[PDB]
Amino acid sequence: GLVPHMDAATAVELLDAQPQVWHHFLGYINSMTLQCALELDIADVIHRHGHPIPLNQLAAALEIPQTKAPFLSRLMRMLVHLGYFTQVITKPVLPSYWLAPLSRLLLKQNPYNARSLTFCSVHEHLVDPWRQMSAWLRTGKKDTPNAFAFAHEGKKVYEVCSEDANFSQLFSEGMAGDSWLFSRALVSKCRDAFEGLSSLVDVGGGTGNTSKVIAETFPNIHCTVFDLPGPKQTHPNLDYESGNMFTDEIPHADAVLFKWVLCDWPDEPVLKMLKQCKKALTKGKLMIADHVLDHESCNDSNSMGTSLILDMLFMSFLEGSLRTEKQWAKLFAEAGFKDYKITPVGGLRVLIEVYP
C-alpha cells in the first residue's frame, strides 16, 4: 500500500495510448446506449416525425421530461457518432435529428431489423457468464461445456431458452431477421450454386425465411426445412419435416444447406453429421453458409475484429467457433468429401459448396 524514471516523450506516448484501453474496457457502453435507443424506440419516433425532429419534440414523444432533455441530447450525440442518426442546428442549443443509413437496421417496420438480436445479445443471460469466464477456463474435468452453463447451474442455452420464453423469442426473431437479408444476398451472389437443383434441405431452417427466398427465386427447387419440433413461411415448393440433425436421418435432397448451424458445434458431432451427409449425398452437394474466418472477403481489420468478437460470443454460450478455411477443409477431408468451392456472400460470411 506504500507509494512505489521516465522521459517526457515516453510519458506522453503512454498517456496517448491509454484511451485505446479505455475504449476497450468501456465497450459495454456501446451495447447499453444502443439498447437504450431501442427501448426508447428512437429510430421509429424520428422516422414517424417524417423530417428532422427538434430535441424538445423528441423528448416529448419519448416521454422524457424537458429537465432530462440535456441527457437525451448527449445520448443522441453518442448515437450520431455510432452512425445511426444525424444532427443539425437550425436556430441561431437545440439540435434537430434525422436518420442516417445505418438506422434502417433499427426500424421496427423493416423485417430485417436487428432489434431482437440486440436485446438477446445484451441480455443478462449472455453478459453475466463472462464474469465467470476466467473461473471456467481454470476448471478441470464441476466442469461444464461453456461459461454460460457454468453460470447457469449447468444449463446449456437450449435449456435456458425452454425456461425463458422471452429470451427464446428474441433469439428466434434475431435469427429470422438475419435470414431475411442473408438469403436475399445468397441467391444473388451465388445464383450459380442453385442452377440445376431440383430439391434442397434447409437444416435448422426454423420458420423458413431462407427457404422461402430460395423457393421464390428458383421456382424449380423443392425446399424442405428440417428442424427440431410463430407461423411458418408459406410457399407451394416449401415444406417442413421435424427431426434432430444429430440423431435422426436428414431428408434426402440435391443439396443439404446449413446456414449458421455448424458454427454452433464442435468438430466431433459436426464430423459425425457430415459423414452421414456424405453417405446420403451418394449424388448431391453440401451447402454451408457460414464464416470462413480467414477468408479474403472478410480480412479487413474491422471485419476481423467483429469475427473475433463473434468467436468469443460463441465460445461463451454455444459449443462452436468460427473456423478458418484450413479447419473447414480438414473436416471435409475426414468426412470423405473430395472438393469444395467458396463464394463470398457478405455479412462476414460465405457459401461453401462441398462435393462428395
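Residue indices: 1-based, along the sequence shown.
Participant: With respect to the deposited sequence, how many residues separating residue 4 from residue 5 are not represented by coordinates: none, 1 to 3, 4 to 9, or 10 or more?
Facilitator: Gap between residue 4 and residue 5: 1 to 3 unmodelled residues.
Participant: So residue 229 and residue 230 are neighbours in the shown sequence, but is anything from the deposited sequence left out between them? Give the count as none, 1 to 3, 4 to 9, or 10 or more.
Facilitator: Per the record, 4 to 9 deposited residues are absent between residue 229 and residue 230.
Participant: Regarding 333-341 and 9-17, which shows the higher C-alpha temperature factor on average in the entry?
Facilitator: 333-341 has the higher mean C-alpha B-factor.
Participant: Return whichever of 250-258 and 175-183 has the greater mean Cα B factor according to the PDB record.
Facilitator: The stretch with the larger average C-alpha B-factor is 250-258.
Participant: Checking the entry, which one of 81, 275, 131, 74 has the top C-alpha B factor?
Facilitator: Most elevated C-alpha B-factor of the set, per the entry: 275.
Participant: Going by the CA temperature factor in the entry, name the top one among 124, 202, 268, 264.
Facilitator: That would be 268.
Participant: Which third, lowest, middle or highest, does the C-alpha temperature factor of residue 148 belong to within its own chain?
Facilitator: Within its chain, residue 148 is a middle-third residue by C-alpha B-factor, going by the deposited values.
Participant: Taking the C-alpha B-factors as the PDB entry records them, is residue 290 in the lowest, middle or highest third of its chain?
Facilitator: Lowest third.
Participant: Classify residue 302 as lowest, middle or highest third according to the C-alpha B-factor given in the PDB entry, relative to its own chain.
Facilitator: Tercile = middle for this residue's CA B-factor.
Participant: Could you tell me which third, lowest, middle or highest, the C-alpha B-factor of residue 240 occupies within its chain?
Facilitator: Highest third.
Participant: State the tercile, meaning the lowest, middle or highest third, of residue 234 with respect to the CA B-factors recorded for its chain.
Facilitator: Ranked within chain, residue 234 CA B lands in the highest tercile.
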